[PDB]
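Here we start with a single chain on its own, the form deposited without this ligand, put down as structure tokens.
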């Protein structure tokens, strides 16, 4: 029943029975999300003496991408505030707004609205990106974990399917590389990150789910010294774009392709021009600098300052060693014993 004992033919069956989200489970999470969202915009930042307001609460993480694994009762919310004027503004006052959110959550708890339990000092205080807590509500039938991140609304009103004005990227690059905070404000472009995955073929998302499951399995051996999970998601998308491009493909072949790409990480230089490009001199120069870095280079399609590769070859070494082992498992093999084969790249 485990993935490592599942034959290649049966990968889609494994995904269906173990990875695809459940209806009743998902409805609980969505209601929990609405409860927190309404708390933020109706209670937390709504006082008449309070100038700060919520322009939008954006659902990030896997829930925004539609790549959620079954049994995952959690949500990552980015709350964009009208007060922040810049990225540096966010970097300084984020600890302040997190304190306020926590104080209002305590107030609602005092008023017996719901029950919240905060994560105790897993990160050290200063500088935190998120407020972490578990929500318990009488309306809900299960508990839901939350990560809430206050952010400067860099995109403003952005419509999916369109390129942001590059001037926001110029602003980002200037502020980032002035204080060495490359990739620090990728959360501001959460909407771009989920948009990059939203319209992908259904089976590609299922493959992402499978890759994520494999990743988290390895994560129980190595812990947090692996590359970011987001890097594996981008790598999976890259594999499909270069080697398949079809709604219908072999799940096993896609899986082996990603594993082999992990092995060949020393030659990975991956980027997109989905939301930015070389047309703007400053932006294009930033892109070029990134492509000249030690491999693997996997540039965030939403943030030109972010190399998801991590700049840690040790993490990729540990993942490559898992990749080589898993290539000998039944999940990459036909019943006769031979490998299903990887996609032919370009």
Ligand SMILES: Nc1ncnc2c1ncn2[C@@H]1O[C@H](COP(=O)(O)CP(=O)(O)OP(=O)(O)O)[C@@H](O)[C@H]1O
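Numbering follows the first chain given and starts at 1. Heads up, when I say rigid core I mean the largest set of C-alphas that superpose within 1.5 Å between the two forms.
The next section is about a form of this same protein that is not shown, the form solved in complex with this ligand.
At a distance threshold of 4.5 angstroms between non-hydrogen atoms, residue 305 is out of contact with this ligand in the deposited complex.
Contact annotation for residue 88: none of its heavy atoms lies within 4.5 Å of this ligand in the deposited complex. Among heavy atoms of residue 153, none comes within 4.5 Å of this ligand in the deposited complex.
Under a 4.5 angstroms non-hydrogen atom cutoff, this ligand in the deposited complex has residue 130 among its neighbouring residues. Among 260, 76, 195, 175, the residue placing a heavy atom within 4.5 Å of this ligand in the deposited complex is 76.
Only one of 270, 84, 149, 101 comes within 4.5 Å of this ligand in the deposited complex through a heavy atom, and that residue is 149.
Listed stretches are 221 to 229, 164 to 172, 108 to 116, 262 to 270; the contact stretch with this ligand in the deposited complex is 221 to 229, by a heavy atom cutoff of 4.5 Å. Only one entry in 55, 321, 313, 46 has its C-alpha moved by 2 angstroms or more between this form and the one not shown when the rigid core is superposed, and that entry is 46. Superposed on the core, the two forms barely differ at residue 156: its CA moves less than 2 Å between this form and the one not shown. The Cα position of residue 180 differs by less than 2 Å between this form and the one not shown after fitting on the rigid core.
After superposition on the rigid core, the Cα of residue 121 moves by 2 Å or more between this form and the one not shown. Compared with the form shown here, the C-alpha atoms of residue 123 and residue 191 sit at least 3 Å farther apart in the deposited complex.
If you compare C-alpha positions, residue 123 and residue 79 are 3 angstroms or more farther apart in the deposited complex than in the form on display.
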